[PDB]
């Protein structure tokens, strides 16, 4: 009755996260497998795929679920009391499961290229240390969640809830920007479900060893954005 709206929101987050990972990791593998020098969409094209799909998917789901597609976004909004505990945890599970599925589909379609070129997985690139990767993930997620907070509609909520509706364009652009800066360092995580889905499917020791960075970094970044918006700027009111 409003429980149906709740379950439909969970489904919307599951499916959107699946589509997010399918499109973006297919883009990464498609770029990576390219033999002809500069016959691919390039790193710029990869950054567009991540930012542009967030714009599209937040647009589609904002009125249905709130359009999170990302455990760190759900967590930041939870801390600011904009999402209730049970919804938050249900969203994070839906997101993580959807992400596994989307990456699974890319692997099903292009198994050889998928394994050869890194599986869309986040890890620390050679030359950087884990403190740098962690710092880059915290600041990158801070940019994203600070944008999400600035993009919340104070009056309007997702169907049968108090989860605010979000303006999708600035949020997609924040994701695009952070990818431009962070791809050389970690591939860019800023989204624990996206990092976890790829780790589950790719299944390498190196990737699993770095995985904590892509949970801890984004949760800290999200928490600091929440405190900044709500307490330092008092930008809610």
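Positions refer to the first chain, counted from 1.
#### Entry: Segment of higher mean CA temperature factor, 112-120 or 93-101
Stretch with the greater average CA B-factor: 112-120.
### Query
For the stretches 149-157 and 135-143, which has the higher mean C-alpha B-factor as given in the deposited record?
According to the entry, 149-157 carries the higher average C-alpha B-factor.
### Query
Out of 106, 165, 72, 125, which residue has the highest Cα temperature factor in the PDB record?
Within the set 106, 165, 72, 125, 125 shows the top C-alpha B-factor.
### Task
Using the entry's values, work out which of 35, 65, 195, 27 has the largest Cα B factor.
Comparing C-alpha B-factors across 35, 65, 195, 27, the top value belongs to 35.
### Query
What third of the chain, by the recorded C-alpha B-factor, contains residue 39?
As the PDB entry reports it, the C-alpha B-factor of residue 39 lands in the highest third of its chain.
### Message
Where does the C-alpha B-factor of residue 203 rank in its chain, lowest, middle or highest third?
### Response
For residue 203, the deposited C-alpha B-factor lands in the highest third.
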